[PDB]
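For the protein sequence lines, the chains are A and A', in the order given. A prime marks a further copy of an entry chain. Just so you know, the first sequence maps onto residues 131 to 298, 305 to 325 in the deposited numbering. Just so you know, the second sequence maps onto residues 131 to 298, 305 to 325 in the deposited numbering. Beta carbons: idealized from backbone N, C-alpha and C, even for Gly.
Number of protein chains: 2
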Amino acid sequence: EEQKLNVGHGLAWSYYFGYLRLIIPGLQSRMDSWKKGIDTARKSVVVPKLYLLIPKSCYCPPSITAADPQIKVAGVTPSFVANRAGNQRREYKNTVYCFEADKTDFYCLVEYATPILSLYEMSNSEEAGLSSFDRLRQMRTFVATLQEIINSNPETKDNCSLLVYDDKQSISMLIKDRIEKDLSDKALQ
Amino acid sequence: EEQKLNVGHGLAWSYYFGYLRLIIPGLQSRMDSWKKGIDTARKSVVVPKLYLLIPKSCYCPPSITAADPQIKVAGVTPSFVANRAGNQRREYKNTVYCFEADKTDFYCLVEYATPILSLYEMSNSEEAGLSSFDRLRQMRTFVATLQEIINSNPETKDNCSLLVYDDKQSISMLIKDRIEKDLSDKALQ
C-alpha cells in the first residue's frame, strides 16, 4: 500500500533524536571557543549554524569537499558528550568548513541530510512494495516535520538551517546566499 | 497532528536501506568460512542468522553483553564491503555471539533494533508535537513493515529474524527458544 510508504515523518524524528538533538545543542558556545583560534590578516565570518543540505534528487554524496571543492575542512571543535535515551553517552565533534567569497573567509557547519539517501534508494530499487513511492512528497514531509521539530527546541531553533535545492550553482554559493540572508536578520534583531 | 507521528514505516525503510540490506546479504557464506575456525571438544551450533531484538519498551541498551552476560562476544567475521546508493562503499564486519545452553555452544548474530530507541525518546521527551504519540502502535508498524521488506529480499529472508518481547527470562533464553523453533523447520525443509 501507499501507507507503508509514508516514511518522511519517521526519517525526520529519527534524524533529530538519533543525531541533530545530540550534535547541535551547545553549538554557539563551542564556536565561540573555536573562533578564538583564528588569527590571520584575512577577514573571516564565523557563523555558528549547521547548514543541512537537502538536494532534490535525495542523492547525498559521501564527501562535502568532493561535491564542492570550494568548501574545505577548516578543523574540528573540541569533543563533547551528548546523551540519548537518558544515559547512553557518546562523544561528538563538530566539523568546521570554510569557503572564500568576496575576499572574506566564511566558517560554518555543513552536512547532507543523510536519511534522504533512503528516499533515493527507495526510488531506484526494484524492491516490491515501492511502486507507489513518491520521492518528492516524502522529501517534503521530511523537511516540514524536521523544520517543526527544530523550531520547537530553543537549543536547535537558531543553530540550524535546512537548505532545499535542485542539485541538477554550487553548494558553497547556496550557503553563502543563505548566510547573507540570515546575518541581515540577526543584525535586525 | 497524529499524522506527523506516523513514524514506524519510516524507521523500517531506513533501517533496511541504511543498515540491514548492507550487513545481512552474504551472511551464510561468511559464517561458513568463520565456522571452520571452531575446533574444540564442545558441541556447537552455528546459526547463520541475525536475531534482531525488539523489546516492548523500545529501550535498546548500549551493550548486548551488558544486558545478558550469558551472551558473550565470540569474534567477528572478516571484513566485507557493501554499497549504498549504487557506489557509496563502506567496510563492515559481523559480530558473532555465543551462549551456552543444554551443554552446547550456540553461535549467531544478535543486535537490538536501534531505530526503536527514537520511539522510546518520543514517548519520554517533553517536545511539543508528541502528545498523541503511541509507542506500541509505531513499534507494530515498524515490525510489520520491516518483516515485509526482509521477506521480499531472498538475500535477507532466511538470514534474519525479528524477536519481539516484553523486556519487563533473558534475551539468550529467548534466542535459544527461537533457534530451536527455526532449526526444526529448516530440517523439515
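At least one CB atom of chain A sits nearer than 9 Å to the CB of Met252 of chain A'. Cβ neighbours of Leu276 of chain A within its own chain (closer than 6 Å, five residues either side excluded): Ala142.
Counting along the chain, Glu278 of chain A sits inside no beta strand (DSSP E); it lies in the alpha helix (DSSP H) bounded by residues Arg265 to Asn281. Not one beta carbon of chain A' lies nearer than 9 Å to the beta carbon of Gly156 of chain A. At a cut-off of 9 Å between beta-carbon atoms, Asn289 of chain A makes no contact with chain A'.
No Cβ of chain A is located within less than 9 Å of the beta carbon of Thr195 of chain A'. Leaving aside the five residues that flank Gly138 of chain A' on each side, the residues in its chain whose CB is nearer than 6 Å to its CB run, in chain order, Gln268, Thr271 and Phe272. Counting C-beta pairs with one atom in each stretch, the segment 143-159 of chain A and the segment 209-227 of chain A have three or more that are closer than 8 Å, which means they touch. Separation of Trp164 of chain A and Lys317 of chain A' (C-alpha to C-alpha, rounded to the nearest whole angstrom) is 57 Å. Here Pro178 of chain A' is buried. Its C-beta has 16 or more other C-beta atoms within 10 Å. Assignment of beta-bridge partners to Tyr295 of chain A by DSSP yields A:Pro185. Here DSSP, grouped into helix, strand and coil, assigns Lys322 of chain A' to helix.
Each of A':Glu285, A':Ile184, A':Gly140 and A':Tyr189 was checked against the Cα of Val240 of chain A', and the nearest Cα belongs to A':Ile184. By the Cβ rule, the segment 231-245 of chain A counts as touching the segment 307-325 of chain A, because three or more pairs are nearer than 8 Å. In this structure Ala243 of chain A' is in contact with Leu182 of chain A', their Cβ atoms being roughly 5 Å apart against a cut-off of 8 Å.
Boundaries of the beta strand (DSSP E) around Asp235 of chain A: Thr234 to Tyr242. Per the DSSP secondary-structure output, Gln218 of chain A pairs in a beta bridge with A:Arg214. Between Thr275 of chain A' and chain A, the shortest Cβ-Cβ separation is below 9 Å. Remark: three or more beta-carbon pairs, one from each stretch, lie closer than 8 Å, so the segment 222-230 of chain A' and the segment 201-210 of chain A' are flagged as touching.
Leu292 of chain A has its alpha-carbon roughly 18 Å from the corresponding atom of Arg265 of chain A.
Between the alpha carbons of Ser308 of chain A and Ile201 of chain A lies a distance of about 6 Å. Against chain A, the beta carbon of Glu257 of chain A' has neighbours under 8 Å at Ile279, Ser282 and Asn283, listed in chain order.
Beyond the five residues adjoining it in sequence on each side, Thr234 of chain A comes within less than 7 Å, by CB distance, of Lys173, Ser174 and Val175 in the same chain, given in chain order. Counting only residues of its own chain and dropping the five nearest sequence neighbours on each side, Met161 of chain A has a CB closer than 7 Å to the CB of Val176 and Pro178. The alpha carbon of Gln158 of chain A has as its nearest neighbour, out of A:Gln218, A:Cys290, A:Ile168 and A:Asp297, the alpha carbon of A:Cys290. At a cut-off of 9 Å, the C-beta of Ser144 of chain A' has a neighbouring C-beta in chain A. In this structure, the alpha-carbon of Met252 of chain A' lies about 14 Å from that of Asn283 of chain A.
The continuous stretches of beta strand (DSSP E) do not include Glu256 of chain A', and DSSP gives it neither H nor E.
Within the segment 226-248 of chain A, the residues whose Cβ lies closer than 9 Å to any Cβ of chain A' are, in chain order, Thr244, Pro245, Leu247 and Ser248. Residue environment: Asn281 of chain A' is assigned as exposed (fewer than 16 neighbouring CB atoms within 10 Å of its CB, all protein chains considered). Closer than 9 Å to the CB of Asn224 of chain A' there is not a single CB belonging to chain A.
The beta carbon of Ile279 of chain A' is closer than 6 Å to those of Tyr146 in its chain, skipping five residues each way along the sequence. At least one CB of chain A lies nearer than 9 Å to the CB of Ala215 of chain A'. Of the candidates A:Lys298, A:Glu131 and A:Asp198, A:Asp198 places its Cα closest to the Cα of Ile311 of chain A. Here DSSP, grouped into helix, strand and coil, assigns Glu230 of chain A to strand. Inclusion of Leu247 of chain A and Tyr295 of chain A in the CB contact set at 9 Å is not warranted, their separation being larger than that value.
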